[PDB]
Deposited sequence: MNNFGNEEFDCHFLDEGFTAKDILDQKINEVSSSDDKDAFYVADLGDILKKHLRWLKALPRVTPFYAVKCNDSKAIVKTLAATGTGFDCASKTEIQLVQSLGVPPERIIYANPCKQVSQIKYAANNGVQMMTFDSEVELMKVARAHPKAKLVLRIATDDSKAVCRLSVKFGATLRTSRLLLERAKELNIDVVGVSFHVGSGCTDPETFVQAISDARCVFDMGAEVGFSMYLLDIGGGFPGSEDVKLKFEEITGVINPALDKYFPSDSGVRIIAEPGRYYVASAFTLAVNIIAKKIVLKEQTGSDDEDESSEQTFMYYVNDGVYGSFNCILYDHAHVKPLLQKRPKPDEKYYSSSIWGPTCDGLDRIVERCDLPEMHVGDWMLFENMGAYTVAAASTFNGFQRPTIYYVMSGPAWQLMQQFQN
C-alpha cells in the first residue's frame, strides 16, 4: 500500500529537492492536495547521532509521537525499543515482528482490560505512580516488572500545582513498601522531564532523584536495575537548547549517580527527536482575500488546526511558513494571515507574518512536521489526512541493513 510504499532518493538529492520535483510535476494538474515527504534516512541519521551522544542509553521510541507503520518498521529494523501507551500501539509494534522484551508499557494509568492484554502478549514491563495501579496490576498482571515514575517540576509548563503523572519521593517510598506488601516486583525508576525543557540541569535533578528512589528500593528489598530518563529531546536544530547540550549535561550525571559497574540498565523514551525533522509538509493555497488597511492578505490553505496543525493547540507549536522558491530582497513583503480549510473561524495557522503576494495554486512548506502532527489529526469537515510519500536513498538502506547485522 502507499503506507508501505517507499521511493528511492537518488544520490545528490534531498527531501527538499523531491518536494520541488513533485510540486513542479503537479503544476498544471489541478490536484494539489497537501502532502508529506518523509525521509527515513533522516531517522537513520538521528539514530546514529543518538548512538554517538548517549552510548549508555538504549532508546525506546515513543509510538504515540508518530504511529506511521513505515517509521516503526524502520526503527524496529534499527533495533530500538518501543514505548507503547495502549493496546493498539502494542498491536502495531508486535505486528511488525518486535518481540515483547523490546516493548515497555509506559502508561502510568492503564485500563484494566489493557493491562490484561499486555499480560496476554508477554509485555512484562509497565510503569506506575499510584497505589490503585498496584492493586490493578496485582489483580490483572501479577508477574509484571514495574517501573516507578517519579515527578519532575517544569516551570515552562502551564500547570504545576496539579501534575498528571509522577510520584513524589515521599509518595514513592510508600509505593515501594506497598509493592513489597503485595509481592510485586519493582525493577527501576522512570521520569519525564518534558518537551519544553529550557535548562538541561533539570535532567540532572531528575537523575539525582532517581538515584534516591533506587536507594529506597534497596532498603525495601528490591533489586533495582532499570533507569528510564524519558524523552523531551529536541527533534530539530531550530531550537535554542540543542540535543548535544542536553546530552553533555546528562552523561556526567549518569556517570556520577549510575556508574556502569553498578549493573544499571539505562533507557530513554525519545519521541520527537527521531521523527520531527524527517517530515516536511507541503500545502496549497486554496483561497485568497485582500484587505485594505496598505494591502494585507488572508491565505486559506488545505490543512488546518483540525488536521496536521493541531500541534498549535495541543503541543503549542510555533509554525513558520516557507516559500518553495526564495524571494529577492527588493520584492515587497505584506502582512498576511494563514487559515485552514474548515469553516470554523478558530482554524487559523498563522496570525500575522510577512509574505510576498501569493496566488491560489502556490505552495507553502513547513519543515520539522514529524512530531505530534499526523498522530493527532482528525477528519473534521470531511477533509482527509494528507498523503505521505516515504523516501530513502540506497546508502541509507545499506546503513539500515548494517544495523540488522
> What portions of the deposited sequence, indexed from 1, have no corresponding C-alpha atom in the structure?
Replying inline: 1 to 5, 299 to 310
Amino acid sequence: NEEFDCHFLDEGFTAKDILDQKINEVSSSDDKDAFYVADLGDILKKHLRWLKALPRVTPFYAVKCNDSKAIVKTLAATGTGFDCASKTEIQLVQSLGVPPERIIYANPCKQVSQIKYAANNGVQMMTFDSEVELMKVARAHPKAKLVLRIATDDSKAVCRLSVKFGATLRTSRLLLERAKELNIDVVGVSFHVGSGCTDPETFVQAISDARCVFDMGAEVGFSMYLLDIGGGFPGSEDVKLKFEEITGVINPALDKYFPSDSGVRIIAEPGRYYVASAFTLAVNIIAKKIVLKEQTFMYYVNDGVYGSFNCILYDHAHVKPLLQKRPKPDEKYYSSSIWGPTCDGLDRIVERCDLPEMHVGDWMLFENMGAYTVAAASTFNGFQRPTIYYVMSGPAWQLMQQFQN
From here on, numbers count along this sequence of modelled residues.
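Just so we're on the same page, rigid core means the largest C-alpha set that superposes within 1.5 Å between forms.
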>> Which of the two stretches, 44 to 52 versus 335 to 343, has its Cα atoms farther on average from this form in 6 other deposited structures of this protein when everything is superposed by the rigid core?
In response: 335 to 343
>> Given a rigid core fit, name the stretch, 77 to 85 or 311 to 319, whose C-alphas are on average farther from the form shown here in 6 other deposited structures of this protein.
In response: 311 to 319
> Is it true that residue 293 has no coordinates in a third or more of the other entries in the comparison?
Replying inline: yes
>> Quick test of your reading: does residue 265 have no coordinates in a third or more of the other entries compared?
In response: no
> Mean C-alpha B factor from the entry: is it higher for 22 to 30 or for 349 to 357?
Replying inline: 22 to 30
> Which has the higher mean CA temperature factor in the PDB entry, 324 to 332 or 100 to 108?
Replying inline: 324 to 332
> If you check the C-alpha B-factor for each of 198, 113, 168, 127 in the entry, which is highest?
Replying inline: 198
>> Out of 87, 293, 272, 143, whose C-alpha atom has the biggest B factor in the entry?
In response: 293
>> Going by the CA temperature factor in the PDB record, which third of the chain does residue 395 belong to: lowest, middle or highest?
In response: middle
> Which third of the chain holds residue 215 when residues are ordered by C-alpha B factor: lowest, middle or highest?
Replying inline: middle
>> Which third, lowest, middle or highest, does the C-alpha temperature factor of residue 234 belong to within its own chain?
In response: lowest
> residue 259: which third of its chain by C-alpha temperature factor?
Replying inline: highest
>> Using only modelled residues of the chain, where does the Cα B factor of residue 228 rank: lowest third, middle third or highest third?
In response: middle
